[PDB]
file query-v8.pdb (PDB, N, CA and C atoms and all ligand atoms)
ATOM      1  N   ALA K  26      -5.304  -1.162  -4.502
ATOM      2  CA  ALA K  26      -6.079  -0.017  -3.930
ATOM      3  C   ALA K  26      -6.087   1.164  -4.894
ATOM      4  N   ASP K  27      -6.471   2.325  -4.351
ATOM      5  CA  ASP K  27      -6.511   3.581  -5.100
ATOM      6  C   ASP K  27      -5.101   4.172  -5.058
ATOM      7  N   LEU K  28      -4.328   4.008  -6.137
ATOM      8  CA  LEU K  28      -3.020   4.649  -6.176
ATOM      9  C   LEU K  28      -3.086   6.158  -6.443
ATOM     10  N   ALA K  29      -4.156   6.687  -7.046
ATOM     11  CA  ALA K  29      -4.246   8.144  -7.165
ATOM     12  C   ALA K  29      -4.470   8.791  -5.800
ATOM     13  N   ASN K  30      -5.202   8.116  -4.915
ATOM     14  CA  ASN K  30      -5.406   8.674  -3.588
ATOM     15  C   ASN K  30      -4.176   8.456  -2.709
ATOM     16  N   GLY K  31      -3.466   7.348  -2.879
ATOM     17  CA  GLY K  31      -2.244   7.152  -2.115
ATOM     18  C   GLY K  31      -1.180   8.198  -2.422
ATOM     19  N   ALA K  32      -0.997   8.528  -3.707
ATOM     20  CA  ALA K  32      -0.004   9.522  -4.103
ATOM     21  C   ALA K  32      -0.309  10.882  -3.514
ATOM     22  N   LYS K  33      -1.580  11.153  -3.265
ATOM     23  CA  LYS K  33      -2.016  12.446  -2.783
ATOM     24  C   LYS K  33      -1.930  12.536  -1.268
ATOM     25  N   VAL K  34      -2.314  11.453  -0.594
ATOM     26  CA  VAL K  34      -2.027  11.313   0.825
ATOM     27  C   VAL K  34      -0.539  11.489   1.041
ATOM     28  N   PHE K  35       0.261  10.805   0.213
ATOM     29  CA  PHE K  35       1.722  10.794   0.389
ATOM     30  C   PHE K  35       2.342  12.177   0.177
ATOM     31  N   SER K  36       1.927  12.886  -0.884
ATOM     32  CA  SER K  36       2.426  14.234  -1.120
ATOM     33  C   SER K  36       2.033  15.154   0.014
ATOM     34  N   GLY K  37       0.925  14.850   0.709
ATOM     35  CA  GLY K  37       0.420  15.679   1.796
ATOM     36  C   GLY K  37       0.927  15.367   3.196
ATOM     37  N   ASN K  38       1.464  14.169   3.423
ATOM     38  CA  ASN K  38       1.744  13.748   4.789
ATOM     39  C   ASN K  38       3.074  13.050   4.976
ATOM     40  N   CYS K  39       3.718  12.611   3.903
ATOM     41  CA  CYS K  39       4.900  11.780   3.916
ATOM     42  C   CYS K  39       6.106  12.397   3.227
ATOM     43  N   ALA K  40       5.899  13.289   2.273
ATOM     44  CA  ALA K  40       6.986  13.730   1.412
ATOM     45  C   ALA K  40       7.930  14.717   2.092
ATOM     46  N   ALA K  41       7.487  15.385   3.151
ATOM     47  CA  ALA K  41       8.412  16.192   3.943
ATOM     48  C   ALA K  41       9.666  15.409   4.316
ATOM     49  N   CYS K  42       9.523  14.103   4.560
ATOM     50  CA  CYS K  42      10.652  13.324   5.034
ATOM     51  C   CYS K  42      11.096  12.247   4.068
ATOM     52  N   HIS K  43      10.205  11.769   3.190
ATOM     53  CA  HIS K  43      10.494  10.622   2.351
ATOM     54  C   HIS K  43      10.491  10.955   0.870
ATOM     55  N   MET K  44      10.621  12.224   0.498
ATOM     56  CA  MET K  44      10.574  12.542  -0.920
ATOM     57  C   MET K  44      11.499  11.600  -1.692
ATOM     58  N   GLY K  45      10.979  11.093  -2.811
ATOM     59  CA  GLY K  45      11.737  10.204  -3.659
ATOM     60  C   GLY K  45      11.972   8.838  -3.082
ATOM     61  N   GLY K  46      11.325   8.519  -1.976
ATOM     62  CA  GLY K  46      11.538   7.229  -1.369
ATOM     63  C   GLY K  46      12.724   7.151  -0.441
ATOM     64  N   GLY K  47      13.290   8.287  -0.037
ATOM     65  CA  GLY K  47      14.444   8.258   0.869
ATOM     66  C   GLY K  47      14.014   8.470   2.305
ATOM     67  N   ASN K  48      14.851   9.156   3.080
ATOM     68  CA  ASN K  48      14.496   9.409   4.472
ATOM     69  C   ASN K  48      15.520  10.376   4.992
ATOM     70  N   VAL K  49      15.104  11.638   5.148
ATOM     71  CA  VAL K  49      16.029  12.687   5.568
ATOM     72  C   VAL K  49      16.275  12.687   7.064
ATOM     73  N   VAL K  50      15.522  11.885   7.819
ATOM     74  CA  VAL K  50      15.612  11.854   9.275
ATOM     75  C   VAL K  50      16.463  10.689   9.755
ATOM     76  N   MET K  51      16.268   9.521   9.145
ATOM     77  CA  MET K  51      17.069   8.333   9.409
ATOM     78  C   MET K  51      17.370   7.710   8.050
ATOM     79  N   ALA K  52      18.605   7.921   7.577
ATOM     80  CA  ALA K  52      18.948   7.729   6.182
ATOM     81  C   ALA K  52      18.955   6.277   5.760
ATOM     82  N   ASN K  53      19.100   5.343   6.673
ATOM     83  CA  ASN K  53      19.001   3.936   6.293
ATOM     84  C   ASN K  53      17.570   3.403   6.276
ATOM     85  N   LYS K  54      16.606   4.081   6.921
ATOM     86  CA  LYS K  54      15.216   3.591   6.931
ATOM     87  C   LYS K  54      14.411   4.147   5.748
ATOM     88  N   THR K  55      14.831   3.808   4.537
ATOM     89  CA  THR K  55      14.243   4.407   3.354
ATOM     90  C   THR K  55      12.985   3.651   2.926
ATOM     91  N   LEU K  56      12.309   4.132   1.873
ATOM     92  CA  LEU K  56      11.148   3.402   1.348
ATOM     93  C   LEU K  56      11.494   2.590   0.100
ATOM     94  N   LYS K  57      12.770   2.278  -0.127
ATOM     95  CA  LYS K  57      13.084   1.385  -1.228
ATOM     96  C   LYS K  57      12.897  -0.080  -0.829
ATOM     97  N   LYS K  58      12.747  -0.913  -1.860
ATOM     98  CA  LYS K  58      12.337  -2.301  -1.674
ATOM     99  C   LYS K  58      13.320  -3.055  -0.790
ATOM    100  N   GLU K  59      14.594  -3.069  -1.176
ATOM    101  CA  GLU K  59      15.593  -3.791  -0.405
ATOM    102  C   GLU K  59      15.633  -3.326   1.045
ATOM    103  N   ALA K  60      15.473  -2.033   1.283
ATOM    104  CA  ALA K  60      15.490  -1.540   2.654
ATOM    105  C   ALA K  60      14.281  -2.052   3.439
ATOM    106  N   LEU K  61      13.076  -1.906   2.882
ATOM    107  CA  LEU K  61      11.895  -2.433   3.556
ATOM    108  C   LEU K  61      12.058  -3.910   3.859
ATOM    109  N   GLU K  62      12.594  -4.664   2.897
ATOM    110  CA  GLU K  62      12.721  -6.105   3.068
ATOM    111  C   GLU K  62      13.725  -6.448   4.155
ATOM    112  N   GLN K  63      14.754  -5.620   4.338
ATOM    113  CA  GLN K  63      15.727  -5.929   5.383
ATOM    114  C   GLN K  63      15.077  -5.892   6.747
ATOM    115  N   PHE K  64      14.063  -5.042   6.903
ATOM    116  CA  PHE K  64      13.461  -4.748   8.190
ATOM    117  C   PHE K  64      12.115  -5.430   8.391
ATOM    118  N   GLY K  65      11.739  -6.352   7.514
ATOM    119  CA  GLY K  65      10.395  -6.915   7.583
ATOM    120  C   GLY K  65       9.212  -5.989   7.319
ATOM    121  N   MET K  66       9.370  -4.974   6.472
ATOM    122  CA  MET K  66       8.313  -3.993   6.283
ATOM    123  C   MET K  66       7.749  -3.970   4.869
ATOM    124  N   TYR K  67       8.146  -4.920   4.010
ATOM    125  CA  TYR K  67       7.697  -4.949   2.605
ATOM    126  C   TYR K  67       6.371  -5.708   2.519
ATOM    127  N   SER K  68       5.389  -5.151   3.214
ATOM    128  CA  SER K  68       4.064  -5.747   3.277
ATOM    129  C   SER K  68       3.060  -4.646   3.549
ATOM    130  N   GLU K  69       1.880  -4.804   2.967
ATOM    131  CA  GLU K  69       0.810  -3.853   3.196
ATOM    132  C   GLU K  69       0.535  -3.682   4.690
ATOM    133  N   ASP K  70       0.455  -4.784   5.436
ATOM    134  CA  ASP K  70       0.064  -4.591   6.821
ATOM    135  C   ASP K  70       1.190  -4.009   7.691
ATOM    136  N   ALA K  71       2.465  -4.324   7.397
ATOM    137  CA  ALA K  71       3.534  -3.683   8.157
ATOM    138  C   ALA K  71       3.480  -2.174   7.960
ATOM    139  N   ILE K  72       3.312  -1.712   6.725
ATOM    140  CA  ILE K  72       3.318  -0.264   6.524
ATOM    141  C   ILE K  72       2.117   0.376   7.208
ATOM    142  N   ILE K  73       0.937  -0.240   7.097
ATOM    143  CA  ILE K  73      -0.238   0.321   7.764
ATOM    144  C   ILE K  73       0.005   0.453   9.275
ATOM    145  N   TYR K  74       0.497  -0.625   9.915
ATOM    146  CA  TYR K  74       0.746  -0.562  11.365
ATOM    147  C   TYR K  74       1.674   0.605  11.723
ATOM    148  N   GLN K  75       2.780   0.756  10.998
ATOM    149  CA  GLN K  75       3.707   1.843  11.294
ATOM    150  C   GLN K  75       3.122   3.215  10.959
ATOM    151  N   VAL K  76       2.375   3.345   9.860
ATOM    152  CA  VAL K  76       1.738   4.641   9.586
ATOM    153  C   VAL K  76       0.785   5.014  10.713
ATOM    154  N   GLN K  77       0.059   4.019  11.282
ATOM    155  CA  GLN K  77      -0.951   4.301  12.309
ATOM    156  C   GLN K  77      -0.331   4.661  13.647
ATOM    157  N   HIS K  78       0.726   3.958  14.040
ATOM    158  CA  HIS K  78       1.224   3.991  15.410
ATOM    159  C   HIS K  78       2.451   4.852  15.567
ATOM    160  N   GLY K  79       3.139   5.118  14.466
ATOM    161  CA  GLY K  79       4.374   5.861  14.488
ATOM    162  C   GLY K  79       5.519   4.958  14.863
ATOM    163  N   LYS K  80       6.718   5.516  14.801
ATOM    164  CA  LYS K  80       7.835   4.759  15.327
ATOM    165  C   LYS K  80       8.995   5.710  15.523
ATOM    166  N   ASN K  81       9.447   5.860  16.778
ATOM    167  CA  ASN K  81      10.539   6.774  17.092
ATOM    168  C   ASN K  81      10.189   8.135  16.499
ATOM    169  N   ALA K  82      10.957   8.592  15.509
ATOM    170  CA  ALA K  82      10.735   9.912  14.938
ATOM    171  C   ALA K  82       9.743   9.928  13.778
ATOM    172  N   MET K  83       9.223   8.787  13.363
ATOM    173  CA  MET K  83       8.093   8.836  12.441
ATOM    174  C   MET K  83       6.828   9.124  13.187
ATOM    175  N   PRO K  84       6.106  10.230  12.941
ATOM    176  CA  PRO K  84       4.858  10.519  13.630
ATOM    177  C   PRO K  84       3.792   9.448  13.426
ATOM    178  N   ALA K  85       2.873   9.357  14.390
ATOM    179  CA  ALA K  85       1.641   8.580  14.209
ATOM    180  C   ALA K  85       0.578   9.354  13.417
ATOM    181  N   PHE K  86      -0.120   8.642  12.525
ATOM    182  CA  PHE K  86      -1.207   9.206  11.748
ATOM    183  C   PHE K  86      -2.556   8.598  12.079
ATOM    184  N   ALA K  87      -2.627   7.636  12.999
ATOM    185  CA  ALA K  87      -3.944   7.222  13.498
ATOM    186  C   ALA K  87      -4.726   8.454  13.944
ATOM    187  N   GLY K  88      -5.951   8.580  13.463
ATOM    188  CA  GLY K  88      -6.783   9.691  13.852
ATOM    189  C   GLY K  88      -6.604  10.963  13.052
ATOM    190  N   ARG K  89      -5.455  11.151  12.386
ATOM    191  CA  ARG K  89      -5.260  12.245  11.432
ATOM    192  C   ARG K  89      -5.559  11.838   9.992
ATOM    193  N   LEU K  90      -5.370  10.576   9.655
ATOM    194  CA  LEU K  90      -5.757  10.010   8.386
ATOM    195  C   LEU K  90      -6.792   8.937   8.677
ATOM    196  N   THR K  91      -7.751   8.815   7.777
ATOM    197  CA  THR K  91      -8.698   7.717   7.800
ATOM    198  C   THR K  91      -8.014   6.389   7.479
ATOM    199  N   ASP K  92      -8.701   5.300   7.817
ATOM    200  CA  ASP K  92      -8.208   3.971   7.474
ATOM    201  C   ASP K  92      -8.019   3.820   5.978
ATOM    202  N   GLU K  93      -8.912   4.414   5.189
ATOM    203  CA  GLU K  93      -8.810   4.334   3.740
ATOM    204  C   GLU K  93      -7.572   5.075   3.217
ATOM    205  N   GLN K  94      -7.357   6.309   3.674
ATOM    206  CA  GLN K  94      -6.149   7.041   3.293
ATOM    207  C   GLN K  94      -4.872   6.263   3.670
ATOM    208  N   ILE K  95      -4.842   5.662   4.850
ATOM    209  CA  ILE K  95      -3.657   4.902   5.237
ATOM    210  C   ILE K  95      -3.519   3.656   4.370
ATOM    211  N   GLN K  96      -4.622   2.962   4.101
ATOM    212  CA  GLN K  96      -4.528   1.825   3.182
ATOM    213  C   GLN K  96      -3.999   2.276   1.824
ATOM    214  N   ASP K  97      -4.502   3.397   1.328
ATOM    215  CA  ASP K  97      -4.083   3.869   0.021
ATOM    216  C   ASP K  97      -2.604   4.198   0.008
ATOM    217  N   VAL K  98      -2.115   4.899   1.033
ATOM    218  CA  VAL K  98      -0.729   5.345   0.961
ATOM    219  C   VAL K  98       0.195   4.162   1.171
ATOM    220  N   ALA K  99      -0.242   3.143   1.907
ATOM    221  CA  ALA K  99       0.614   1.956   2.035
ATOM    222  C   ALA K  99       0.756   1.252   0.700
ATOM    223  N   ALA K 100      -0.337   1.225  -0.070
ATOM    224  CA  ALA K 100      -0.342   0.611  -1.389
ATOM    225  C   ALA K 100       0.508   1.421  -2.359
ATOM    226  N   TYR K 101       0.401   2.738  -2.292
ATOM    227  CA  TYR K 101       1.233   3.558  -3.148
ATOM    228  C   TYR K 101       2.700   3.324  -2.866
ATOM    229  N   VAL K 102       3.073   3.276  -1.583
ATOM    230  CA  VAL K 102       4.492   3.141  -1.231
ATOM    231  C   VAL K 102       5.020   1.852  -1.808
ATOM    232  N   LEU K 103       4.216   0.775  -1.717
ATOM    233  CA  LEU K 103       4.658  -0.547  -2.153
ATOM    234  C   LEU K 103       4.760  -0.616  -3.665
ATOM    235  N   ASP K 104       3.764  -0.048  -4.359
ATOM    236  CA  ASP K 104       3.847   0.134  -5.798
ATOM    237  C   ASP K 104       5.154   0.837  -6.215
ATOM    238  N   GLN K 105       5.484   1.978  -5.578
ATOM    239  CA  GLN K 105       6.676   2.762  -5.957
ATOM    240  C   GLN K 105       7.966   2.003  -5.674
ATOM    241  N   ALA K 106       8.040   1.361  -4.510
ATOM    242  CA  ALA K 106       9.202   0.559  -4.150
ATOM    243  C   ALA K 106       9.462  -0.530  -5.182
ATOM    244  N   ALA K 107       8.392  -1.207  -5.645
ATOM    245  CA  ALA K 107       8.497  -2.198  -6.723
ATOM    246  C   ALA K 107       9.120  -1.609  -7.988
ATOM    247  N   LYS K 108       8.749  -0.373  -8.335
ATOM    248  CA  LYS K 108       9.206   0.334  -9.529
ATOM    249  C   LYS K 108      10.519   1.101  -9.347
ATOM    250  N   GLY K 109      11.167   1.006  -8.189
ATOM    251  CA  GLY K 109      12.422   1.697  -7.979
ATOM    252  C   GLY K 109      12.340   3.177  -7.646
ATOM    253  N   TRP K 110      11.128   3.766  -7.561
ATOM    254  CA  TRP K 110      10.925   5.181  -7.222
ATOM    255  C   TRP K 110      11.447   6.101  -8.330
ATOM    256  N   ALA K 111      11.296   5.671  -9.574
ATOM    257  CA  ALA K 111      11.662   6.492 -10.732
ATOM    258  C   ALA K 111      10.953   7.848 -10.715
TER     259      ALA K 111
HETATM  260  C1  LIG K 201       9.231  12.768   9.066
HETATM  261  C2  LIG K 201       8.813  13.648  10.005
HETATM  262  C3  LIG K 201       8.458  11.555   8.554
HETATM  263  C4  LIG K 201       7.224  11.639   8.153
HETATM  264  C5  LIG K 201       6.399  12.914   7.882
HETATM  265  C6  LIG K 201       6.781  10.270   7.877
HETATM  266  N1  LIG K 201       7.828   9.395   8.206
HETATM  267 FE1  LIG K 201       8.063   7.476   7.621
HETATM  268  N2  LIG K 201       9.840   7.271   8.642
HETATM  269  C7  LIG K 201      10.419   8.319   9.312
HETATM  270  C8  LIG K 201      11.458   7.769  10.207
HETATM  271  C9  LIG K 201      12.367   8.581  11.176
HETATM  272  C10 LIG K 201      11.451   6.451  10.041
HETATM  273  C11 LIG K 201      12.339   5.460  10.779
HETATM  274  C12 LIG K 201      11.751   5.266  12.144
HETATM  275  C13 LIG K 201      12.528   4.246  12.964
HETATM  276  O1  LIG K 201      13.193   4.677  13.950
HETATM  277  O2  LIG K 201      12.478   3.000  12.661
HETATM  278  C14 LIG K 201      10.439   6.112   9.045
HETATM  279  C15 LIG K 201      10.135   4.877   8.575
HETATM  280  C16 LIG K 201       9.118   4.613   7.684
HETATM  281  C17 LIG K 201       8.891   3.332   7.047
HETATM  282  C18 LIG K 201       9.705   2.046   7.238
HETATM  283  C19 LIG K 201      11.004   2.295   6.469
HETATM  284  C20 LIG K 201      11.942   1.106   6.528
HETATM  285  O3  LIG K 201      11.802   0.197   7.403
HETATM  286  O4  LIG K 201      12.831   1.031   5.646
HETATM  287  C21 LIG K 201       7.839   3.457   6.231
HETATM  288  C22 LIG K 201       7.326   2.281   5.426
HETATM  289  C23 LIG K 201       7.341   4.828   6.299
HETATM  290  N3  LIG K 201       8.151   5.516   7.195
HETATM  291  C24 LIG K 201       6.293   5.406   5.610
HETATM  292  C25 LIG K 201       5.735   6.658   5.834
HETATM  293  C26 LIG K 201       4.469   7.116   5.302
HETATM  294  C27 LIG K 201       3.606   6.258   4.350
HETATM  295  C28 LIG K 201       4.264   8.375   5.744
HETATM  296  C29 LIG K 201       3.060   9.306   5.494
HETATM  297  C30 LIG K 201       1.857   8.876   5.946
HETATM  298  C31 LIG K 201       5.372   8.724   6.619
HETATM  299  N4  LIG K 201       6.249   7.669   6.635
HETATM  300  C32 LIG K 201       5.574   9.900   7.323
HETATM  301  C33 LIG K 201      10.065   9.639   9.139
HETATM  302  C34 LIG K 201       8.866  10.170   8.683
END

call {"tool": "encode", "arguments": {"input": "query-v8.pdb", "output": "structure tokens"}}
result
Amino acid sequence: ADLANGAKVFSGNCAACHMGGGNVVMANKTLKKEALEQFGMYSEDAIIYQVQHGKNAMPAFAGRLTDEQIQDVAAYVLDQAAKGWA
């Protein structure tokens, strides 16, 4: 997908809580590869579903982000997780 648009969606909607791929709200639910894989979330469609619907203290973005923005940011997250979030 568009990784330039994902990074920008992410800086605008996700980084308050996940800067650097971590998680200041629930410290074990990070965006690193091994963590996503432990929970069955290392997939484009798992991330899209959770971005759209929310989960516990993760807000829902259905209706605040377009389908394209959500697709982009899911792709960005997966790209970064692959690279270790350097
Ligand atoms: C804080 C207010 C957050 C914002 C803004 C976003 N997310 Fe988040 N995320 C948050 C929590 C509390 C959790 C855990 C929820 C639970 O109880 O299970 C998460 C989880 C995720 C995950 C899965 C992480 C994992 O299983 O290891 C992903 C993939 C994720 N969040 C991505 C994400 C994106 C792309 C966001 C912007 C659109 C975003 N989050 C916002 C907290 C918060």

call {"tool": "residues_near_ligand", "arguments": {"input": "query-v8.pdb", "ligand": "ligand LIG 201 (chain K)", "cutoff": "5 Å", "atoms": "all atoms listed in the file", "output": "ChimeraX atom specification"}}
result
/K:38-39,42,50-51,54-56,60-61,72,80-83

call {"tool": "closest_residue", "arguments": {"input": "query-v8.pdb", "among": "K:91, K:30, K:105, K:63", "to": "residue K:44", "atoms": "only C-alpha atoms"}}
result
K:105

call {"tool": "closest_residue", "arguments": {"input": "query-v8.pdb", "among": "K:32, K:58, K:53, K:68", "to": "residue K:108", "atoms": "only N, CA and C atoms"}}
result
K:58

call {"tool": "axis_aligned_box", "arguments": {"input": "query-v8.pdb", "around": "stretch 71-85 of chain K", "padding_each_side": "4 Å", "output": "lines of an AutoDock Vina configuration file"}}
result
center_x = 5.0
center_y = 3.1
center_z = 11.8
size_x = 19.9
size_y = 22.8
size_z = 18.6

call {"tool": "residues_around", "arguments": {"input": "query-v8.pdb", "residues": "residue K:87", "least_positions_apart": "4", "cutoff": "12 Å", "atoms": "only C-alpha atoms", "output": "list in words"}}
result
residues 73, 74, 75, 76, 77, 78, 79, 91, 92, 93, 94, 95 and 96 of chain K

call {"tool": "atom_distance", "arguments": {"input": "query-v8.pdb", "atom1": "atom C of residue K:86", "atom2": "atom C of residue K:109"}}
result
25.3 Å

call {"tool": "select_by_dssp", "arguments": {"input": "query-v8.pdb", "residues": "chain K", "states": "strand (DSSP E or B)", "output": "mmCIF file with N, CA and C atoms, keeping the file's coordinate frame"}}
result
data_model
loop_
_atom_site.group_PDB
_atom_site.id
_atom_site.type_symbol
_atom_site.label_atom_id
_atom_site.label_comp_id
_atom_site.auth_asym_id
_atom_site.auth_seq_id
_atom_site.Cartn_x
_atom_site.Cartn_y
_atom_site.Cartn_z
ATOM 1 N N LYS K 80 6.718 5.516 14.801
ATOM 2 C CA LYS K 80 7.835 4.759 15.327
ATOM 3 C C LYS K 80 8.995 5.710 15.523
ATOM 4 N N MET K 83 9.223 8.787 13.363
ATOM 5 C CA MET K 83 8.093 8.836 12.441
ATOM 6 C C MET K 83 6.828 9.124 13.187
ATOM 7 N N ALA K 87 -2.627 7.636 12.999
ATOM 8 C CA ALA K 87 -3.944 7.222 13.498
ATOM 9 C C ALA K 87 -4.726 8.454 13.944
ATOM 10 N N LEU K 90 -5.370 10.576 9.655
ATOM 11 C CA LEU K 90 -5.757 10.010 8.386
ATOM 12 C C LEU K 90 -6.792 8.937 8.677
#

call {"tool": "select_by_dssp", "arguments": {"input": "query-v8.pdb", "residues": "chain K", "states": "helix (DSSP H, G or I)", "output": "ChimeraX atom specification"}}
result
/K:28-38,40-46,58-63,69-78,92-107
